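> First the structure, then my questions, so here it is.
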Amino acid sequence: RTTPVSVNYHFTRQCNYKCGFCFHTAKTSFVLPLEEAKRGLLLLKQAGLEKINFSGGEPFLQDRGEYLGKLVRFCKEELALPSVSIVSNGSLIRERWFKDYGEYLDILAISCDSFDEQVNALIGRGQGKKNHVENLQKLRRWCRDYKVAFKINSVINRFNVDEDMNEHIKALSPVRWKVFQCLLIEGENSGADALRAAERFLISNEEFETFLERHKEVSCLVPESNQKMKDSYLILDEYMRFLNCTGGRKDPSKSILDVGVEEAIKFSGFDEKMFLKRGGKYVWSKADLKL
Ligand SMILES: Nc1ccn([C@@H]2O[C@H](COP(=O)(O)OP(=O)(O)OP(=O)(O)O)[C@@H](O)[C@H]2O)c(=O)n1
Ligand SMILES: Nc1ncnc2c1ncn2[C@@H]1O[C@H](CSCC[C@H](N)C(=O)O)[C@@H](O)[C@H]1O
Ligand code: SF4
Ligand SMILES: [Cl-]
Ligand SMILES: [Cl-]
C-alpha cells in the first residue's frame, strides 16, 4: 500500500568527516555498480517515485563525484523525475560538477550545524582547513550561477543548542532549512556495535523547542524532532534495502533488486502520516520555484 513517493538512497557509507553523532556510519565499503543503481532507480520510478535524494555517507566521494553526477542526470533526464536532490557535507563539491551536472539537480542541501569554527571542531565537521562560512557562501553562489535551489540542514545538539543562526541562515537565502533534533540510532551512534556514540550530543525536546523559537523569523525553517524524523523517511541503504527504524535501529529489508519494490517496502516501517506532518511533500522541482 506504500507508494515510494520520496526516497533517500544512501548509496555509499564512506565519509571524509567525523561528526560525533553521525547516524549513518561507515559500516561497509559496498557501493552498487552504477548500472545496478540505475536498475533500482527505474524500479522505484515504475512504482511511483517522484523525488530521489542522494545521501550517505558523503555522496560526492564515489568516483570523485562522477557516480553521483551520472545518477543525478539519469534520474532527471532518463527517468524524468520531478525532483532530484542531494544532501552533502559540501567538502568535495567543485564548480566543474555544477557545469557538468547542475542543470539536472533540483536541490542541493549542505549540512551546516554551526557558523562557529570551535563548535564545528567539537562536532567533527572537517578539520578546519577550509574557511567554512566562505565555502558555504561559495557553494550558495554557484547554486545561483548554475540555477540550483539551495538548502541547508542543521543537527541541533549539545554544542550548538544555544547558537543564534538567524543572520547567517538569512544571508544564505535558502529555499529550505531543515532543523533536526540529534537522533540516536542503535548500531550507528548508540550501543556496543556502533562506530559512533551520540549520547553526549543529545538534547531534550524542551531544549530543541527553545532553538526553534529563537529562529521563528527564518521563513524557510522546517523542524524535525526525534518523533518527526525517525520513521518519516523511505531510506534505501547501499544494497538498496529499505531501512526500518521503528525498533530504534536501521533494520534492512531484502533488496529491491532481489524481491522488488512492493515486497521490500512492506518492511520499511515508513510512517506516511508523519512524512506529511513534517512537510515532506512540497514544491520540490526547481522549474516550479522562483530562483
Ligand atoms: N531515521 C533516519 C531518518 C532520516 N535519515 C536520513 O537523514 C537525511 C535527512 O535529510 P533531509 O534533507 O531531510 O532529506 P530529504 O529527503 O531531501 O528531505 P526533504 O525532501 O523533506 O527536503 C536523509 O538522507 C534521510 O534518509 C536517516 O538516515 N535516518
Ligand atoms: N544523529 C543525527 N541526528 C539527526 N540528523 C543527523 C544525525 N547524523 C547525521 N544527521 C544528518 O543527516 C543528514 C544526512 S547525513 C549524510 C549526508 C552528508 N554526509 C551530510 O552530512 O550532509 C545530514 O544533514 C546530517 O547532518
Ligand atoms: S553526518 Fe558527518 S560523518 Fe555522518 S555521513 Fe554526513 S559528514 Fe559524514
Ligand atoms: Cl515513468
Ligand atoms: Cl518538531
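So basically every Cβ, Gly included, is an ideal-geometry build from the backbone, and we count neighbours across all protein chains shown. Readers should treat all values here as calculations from the given coordinates under stated rules, not as data from a laboratory.
> Choose one of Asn205, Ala287, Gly260: the residue whose Cα lies farthest towards the positive end of the charge dipole of the chain (beta-carbon charges +1 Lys, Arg; -1 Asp, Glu; about the Cα centre).
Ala287
> Let's see if you can work this out: charge +1 on each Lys and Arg Cβ, -1 on each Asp and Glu Cβ, no other charges. What is the dipole magnitude of the chain about its Cα centre, in debye to the nearest 20?
For this selection, approximately 620 debye.
> Net charge around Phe201, counting only other residues with Cβ within less than 11 Å of its Cβ (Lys, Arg = +1; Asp, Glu = -1)?
Residues near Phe201 contribute +1 overall.
> Let me ask something else. Shape of the chain from its Cα gyration tensor (a ≥ b ≥ c, root eigenvalues): rounded if a/c is under 1.5, otherwise prolate when a/b > b/c, or oblate?
Verdict is rounded for the chain.
> For the stretch 248-283 and the stretch 105-178, what is the separation of their C-alpha centers, rounded to whole Å?
First find each Cα centre; the distance between them is then 28 Å.
> Still on this model: Let me have the relative contact order for the stretch 49-94, percent, based on Cα pairs under 8 Å that are six or more residues apart.
Taking the mean separation of contacting Cα pairs over the length of the stretch 49-94, I get 54 percent.
> Which value in deg cm²/dmol, rounded to the nearest 500, describes the helix-derived mean residue ellipticity at 222 nm for the chain, given -39,500 (n - 2.57) per DSSP H run of n ≥ 4 and division by the residue count?
My calculation for the chain gives -8000 deg cm²/dmol from helical runs alone.
> Given a cut-off of under 8 Å on Cα pairs at least six residues apart, what relative contact order in percent is computed for the chain?
21 percent
> Taking a 25 Å limit on the Cα-Cα distance, which of the listed pairs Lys147/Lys273; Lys129/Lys228; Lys130/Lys151; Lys178/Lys273; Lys250/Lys273; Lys38/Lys170 fall beyond it?
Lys147/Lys273; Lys129/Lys228; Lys38/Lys170
> Please report the net charge: other residues with Cβ closer than 12 Å to the Cβ of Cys19, K and R +1, D and E -1.
Neighbourhood net charge equals 0.
> Excluding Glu188 itself, calculate the net charge of residues whose Cβ lies under 9 Å from the Cβ of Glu188, where each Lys or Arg counts +1 and each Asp or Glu counts -1.
Spelling it out: positives minus negatives among the neighbours equals +3.
> Next up: Have a look at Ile52, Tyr104, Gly126 and report the one farthest towards the positive end of the charge dipole of the chain, computed about the Cα centre with Cβ charges (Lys/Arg +1, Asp/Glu -1).
Working it through, the farthest residue towards the positive pole turns out to be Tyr104.
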